[PDB]
Every structure is written in structure tokens, then in C-alpha cells.
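Trainee: Sharing a structure with you now.
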2 protein chains.
Amino acid sequence: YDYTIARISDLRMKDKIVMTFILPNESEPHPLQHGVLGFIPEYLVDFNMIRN
Amino acid sequence: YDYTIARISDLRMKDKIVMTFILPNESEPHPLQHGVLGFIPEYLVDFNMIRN
């Protein structure tokens, strides 16, 4: 069995362990990965505005 | 006689013949010419504006 260790200092995981099955060979959506993060690249806009 | 025929689809011209004398050889106003177009060429203006 093969494992990958992850860490976050975030608080709600204080002494909390979660574990599940993931696949490290596919980058594409498939019914066999725990979750997929659909990401749209994002850009900013800068302009001058009047408000009240 | 020379003649020029022009047609339009506007209903306000239904079955109506309009005649006059014109002078199709000048590009300047002249007392015998029928009608002249006072034409100030306005240029489109592109600009962001605040509305409400």
C-alpha cells in the first residue's frame, strides 16, 4: 500500500485524521477520485470609481 | 431632357410623383440648386461614464 502525507496547520483539523482513496495518475475527471477542483483562471480589473 | 429616377419604400410616398429641377454638376451651394444638406460631421466619442 502506498501513502502520501499531507499537513495543514489549520485549526479544525486539530488532532484530526482523515483518510480516503485517491489516484495519482489521472489529472482528468473520473468517477474514481475523491474530488475534482474545477478551476477557471481568473484576472483582475483596475479602474476609477465614484460612489456616493 | 435628362432625367434621374429614385425610389424609396416609405409608405408616405404611396402612389405620389414629386418633381423639381436639379443641377447635378456642382459640389457647392448655388442659387439655382434645389436643396443643400447642412452637414456638420459629428465624431463618435468613446468614454466610460458613471450612470446611477
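Lettering and numbering for the C-alpha cells are positional, with chains as A, B, ... in the shown order, residues counted from 1 in each chain, and ligands counted from 1 in the shown order.
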Taking all C-alpha atoms matched one to one in order, superimpose chain A on chain B and note the resulting RMSD in Å.

Mentor: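 Computed on C-alpha atoms only, the RMSD stands at 1.0 Å.
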
Trainee: Specify as a PyMOL selection string all residues of chain B found within 12 Å of chain A, counting only C-alpha atoms.

Mentor: chain B and resi 48-52

Trainee: Within 12 Å of range 17-31 of chain B, counting only C-alpha atoms, which residues qualify if same-chain residues fewer than 2 places away don't, as a PyMOL selection string?

Mentor: chain B and resi 1-8+12-15+33-38

Trainee: CA of residue 46 in chain A to CA of residue 46 in chain B: how many Å, to one decimal?

Mentor: 18.3 Å

Trainee: Work out how far apart CA of residue 47 in chain B and CA of residue 44 in chain A are and give it in Å to one decimal.

Mentor: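 Computed distance, CA of residue 47 in chain B to CA of residue 44 in chain A, equals 20.4 Å.
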